[PDB]
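In the form deposited in one PDB entry, a lone chain appears below as structure tokens.
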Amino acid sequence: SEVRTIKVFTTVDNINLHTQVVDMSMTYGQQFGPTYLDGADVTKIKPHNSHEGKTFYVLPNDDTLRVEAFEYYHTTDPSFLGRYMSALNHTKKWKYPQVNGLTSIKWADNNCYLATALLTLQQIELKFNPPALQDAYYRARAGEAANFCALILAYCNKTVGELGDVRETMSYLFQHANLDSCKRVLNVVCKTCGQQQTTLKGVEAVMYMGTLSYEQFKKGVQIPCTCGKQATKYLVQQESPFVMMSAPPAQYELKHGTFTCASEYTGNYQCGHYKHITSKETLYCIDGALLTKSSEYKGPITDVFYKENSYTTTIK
């Protein structure tokens, strides 16, 4: 039969595009392997006339693409791009509305934990290592968080419609960002066993699991010592742009101006709902596209963020 072809662009980073000639008789999958147009899988679909000019994503099948893919995503997981494209198909459909001057996500596909995380990332200082995140992030701040959310699902290995832990999610994001300059100095004191001082750098220097109160952490928190007689851990020094204090959800009261933002989780383990509370002129509770405003907030808080620069204890 007659041979008909169009020119298109393949890519892995939608930054470097390589001109290709495709045969309409054959499916895209036969010609380039797995292929995706805006997350849409066209691997088993024959080319149309409309497809001409358009940019398709493909798996790296040569050293050039593998090098290009690694530079953009700081990863070599063969499934990665398929998952990022799979998530993207769904994420584009979501509506991201600007709520209180910050981009958020109207609820769908259990996206409540992402919206919450996304609002958090707009309020704190974070330089992502991989250009893929840097780039999607910049656009996410502008009001187009589709790719940023898609990349987050691909990076966090989550499937659309599956709920996720906001702390676990942010832990992954920090692991892929520049926190090398972050430093923490915790002193532990036992009446029996003495004082032991430890230094934490990187993610371990901004996240903490067991209290929501930054001030409590500074005053000191009781922890079980090796001996079996309880000992007190307290914060001696903190160099970081923020800190994340996390604990199992409990009834907490947030006062205006004493924090940056918290994550409220209501419901049972792994099947709850997430709401975002921010401190500005007054307290702001952001639930999807819904916004509530109040002077005082009492709810089951599980994560609190606090902007910080340099802090040193006045203890001893």
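In this text, residue numbers run from 1 along the sequence as written.
- Judged by mean Cα B factor in the deposited record, 190-198 ranks above the other of 122-130 and 190-198.
- Taking the PDB entry as given, 22-30 carries the higher mean Cα B factor of the two stretches 264-272 and 22-30.
- Comparing the listed residues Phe217, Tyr96, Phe174, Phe242, the entry records the largest Cα B-factor for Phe174.
- Of all the options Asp135, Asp165, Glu144, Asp109, the entry's greatest CA B-factor is assigned to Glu144.
- Per-chain ranking of the deposited C-alpha B factor places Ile223 in the highest third.
- When all modelled residues of the chain are sorted by CA temperature factor, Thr10 is found within the lowest third.
- Split the chain's modelled residues into thirds by C-alpha temperature factor. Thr302 is in the lowest one.
- Ranked by C-alpha B-factor against the other modelled residues of its chain, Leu179 falls in the highest third.
- When the CA B factors of the chain's modelled residues are split into thirds, the value for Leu59 lands in the highest one.
Just so it is clear, the following notes concern the form solved in complex with a partner chain, a form of the same protein that is not shown.
- Partner contact region in the bound PDB entry: 66-74, out of 252-260, 66-74, 50-58, 25-33, criterion any non-hydrogen atom within 4.5 Å of the partner chain.
- Among the residues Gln98, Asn178, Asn157, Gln197, the one placing a heavy atom within 4.5 Å of the partner chain in the bound PDB entry is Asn178.
- For the chain shown alone, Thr192 is not a contact residue for the partner chain in the bound PDB entry, no non-hydrogen atom being within 4.5 angstroms.
- For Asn129, a non-hydrogen atom is located within 4.5 Å of the partner chain in the bound PDB entry, even though that partner is not displayed.
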